[PDB]
Protein chains: 2
Amino acid sequence: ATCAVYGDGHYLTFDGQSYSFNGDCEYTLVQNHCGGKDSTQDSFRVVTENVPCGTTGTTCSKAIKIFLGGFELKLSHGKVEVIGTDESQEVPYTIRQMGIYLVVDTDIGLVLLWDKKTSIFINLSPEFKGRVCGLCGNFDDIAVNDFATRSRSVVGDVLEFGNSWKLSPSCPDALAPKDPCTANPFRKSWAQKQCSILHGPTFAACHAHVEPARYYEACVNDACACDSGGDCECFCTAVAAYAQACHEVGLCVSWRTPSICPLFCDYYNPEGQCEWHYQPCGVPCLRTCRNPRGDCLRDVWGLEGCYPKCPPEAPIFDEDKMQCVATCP
Amino acid sequence: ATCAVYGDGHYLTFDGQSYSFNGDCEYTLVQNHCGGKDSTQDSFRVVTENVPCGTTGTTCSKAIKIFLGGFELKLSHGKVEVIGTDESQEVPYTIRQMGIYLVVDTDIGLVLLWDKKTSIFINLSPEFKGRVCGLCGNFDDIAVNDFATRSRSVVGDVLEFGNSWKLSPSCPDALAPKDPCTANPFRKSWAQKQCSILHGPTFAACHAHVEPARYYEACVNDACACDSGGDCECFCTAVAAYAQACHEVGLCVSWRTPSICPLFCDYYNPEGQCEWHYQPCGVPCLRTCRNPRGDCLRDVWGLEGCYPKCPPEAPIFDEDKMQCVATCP
Ligand SMILES: [Ca+2]
Ligand SMILES: [Ca+2]
């Protein structure tokens, strides 16, 4: 069960329901104690802000705010700023940067992954089953009743369901999206050529497990829609969404090439030292000041990005100075 | 003296004249023995092909052909293919790949640099002064008579001068370009934000020597014009043109960042070995099978790109297997 939000209105519920929805307002992703059901647990709420990015009316996540108890966090411009600043309470968040994901972990079995541009993945602990309300749908392992609204009623309509979870009572109702490729036909050739890597031999192993037709359509639509500068991001996010979805099953796929969605993992290296590499599967467990050499805490689901390969001398990372230190004070 | 052609119709003559010209035909860059003046020297000719890349009618170099004596070379899709295949004659070209440039060198003091996408730089030996005709202008160190046409007449008109050097007698006459930013106003904000790095503190040292106003305008126009997928290339080429122009004076400037025009120099590295780094200034001289350790042959003008840093063991490169070998057979 993973609530996946990425690109322009690509939502995948916990139970495995996929749909599309676009709008310009504030939306609650996961809400606790919906309907005032205070089951002796702290109420946690995650909200997102949508702004127009393009010319055909597509949407994308710009800022994400988290309301954990009395705290309040802000996520924008690739950085985190504390806003609520709760008093006389211990900070529950354990903000950490791994790969190309700004992982934020809680103490109630809630984990968030942020690619710092548009994508976001949510995983929830099994004991919260059947007690969660929000845009992610009720966690009940049933794909037919995930369309429950705030009124605790499942409605087959998608636009109404999406608009029912808005926060600001002044933003207008959302509308149905258009066809990005019809809007930008001249981009179709390049879009298809670039997104054809999904159907290529690279994802042959994944073809047997998951069906990439939906992700292929998502890539094509995303490439078609992205008109302003930054189409490279609009394509890399679309590919990385399917990459993470495949990695969730437990299979490692290498797809990055210096011609398509390149990475620069050598910039952080100081002069004369080379200790950063690209790991498509993602390091299962590493060594840092917080996590000792013996401890691993392999709670990840498989990520990717630049990771520091510490030398045999000082093989313990620091994560504060982006360098490897023998002894952590 | 450097004939610089890059982006969309950005030509800089040997004597230091800058202008713009666009068209869809075959054009001769540098021609020898113009007018049949056979000065007991082999005739060498370099031609280029222009195809539309966009929607507003902008041009760009797709394929470049070289006619050196009886030989004929083709440059397309980031590779070189011999076409003429001259018989009973020694091959004069010494094709070599350094940095992000596919350097092709001749035996008559002519050197070509190719970024493999659109840009091309030409340098000519001083003894050919006053005996060269072509789109690069007559090599005479005078910036007022560089507009000489095939009829050996200097005309202040630019469109007529550009159209007079066409090869195919069937292609239509070239037309005046439009304003890319007026054509694509919604791209103006992103274009200016991205090209503002020219006026930033990074090029403060270069600001004292060369005036980047022309290059700033070129970057803005290039970003505005580029509409189909691949605007990242359309911006990286524009920035790298000014970078190379600055490096020609003899000053090294570092500008690549993992957020703007990134590079992937770790892909070529095999597993367990790290020997590739990014050198903004460019290696002055290296060691390979052709060029021994003692010999350097520092005939470069300052380039940039991924270069192999051989380990102390086997510190001699090979350039054939992209690896360092102790002894070259
Ligand atoms: Ca359900
Ligand atoms: Ca002249």
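We number each residue from 1, going along the chain as drawn.
Every residue gets a Cβ built from N, Cα and C, even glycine.
Straight from Swiss-Prot, the features:
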{"type": "DOMAIN", "residues": "A:1-172", "note": "domain 'VWFD 3'"}
{"type": "DISULFID", "residues": "A:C3-A:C136", "note": "disulfide bond"}
{"type": "DISULFID", "residues": "A:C25-A:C171", "note": "disulfide bond"}
{"type": "DISULFID", "residues": "A:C34-A:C133", "note": "disulfide bond"}
{"type": "DISULFID", "residues": "A:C53-A:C60", "note": "disulfide bond"}
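A 10 Å cutoff on Cβ-Cβ distances gives A:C53 (disulfide bond) a total of 19 other Cβ atoms nearby, all chains included. For A:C136 (disulfide bond), the nearest neighbour among the disulfide-bonded residues A:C25, A:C34, A:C171, judged by Cα separation, is A:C34.
In this structure, A:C171 is the one among the disulfide-bonded residues A:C34, A:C60, A:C133, A:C136, A:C171 with the smallest number of other Cβ atoms inside 10 Å of its Cβ. Nearest neighbour of A:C53 (disulfide bond) by Cα distance, taken over the disulfide-bonded residues A:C3, A:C34, A:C133, A:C171: A:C171. Least crowded of the disulfide-bonded residues (A:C3, A:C25), judged by neighbouring Cβ atoms within 10 Å of its own Cβ: A:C25. DSSP assigns A:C171 (disulfide bond) to coil in the three-state reduction, placing it in neither a helix nor a strand. In the three-state DSSP assignment, the secondary structure recorded for A:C3 (disulfide bond) is strand.
Take the Cα of A:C25 (disulfide bond) and measure to each of the disulfide-bonded residues A:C3, A:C34, A:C60, A:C133: the nearest one is A:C60. Looking only at Cα atoms, A:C3 (disulfide bond) sits nearest to A:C133 among the disulfide-bonded residues A:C34, A:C60, A:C133, A:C171. The distance from the Cα of A:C133 (disulfide bond) to the Cα of A:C171 (disulfide bond) comes to 22 Å.
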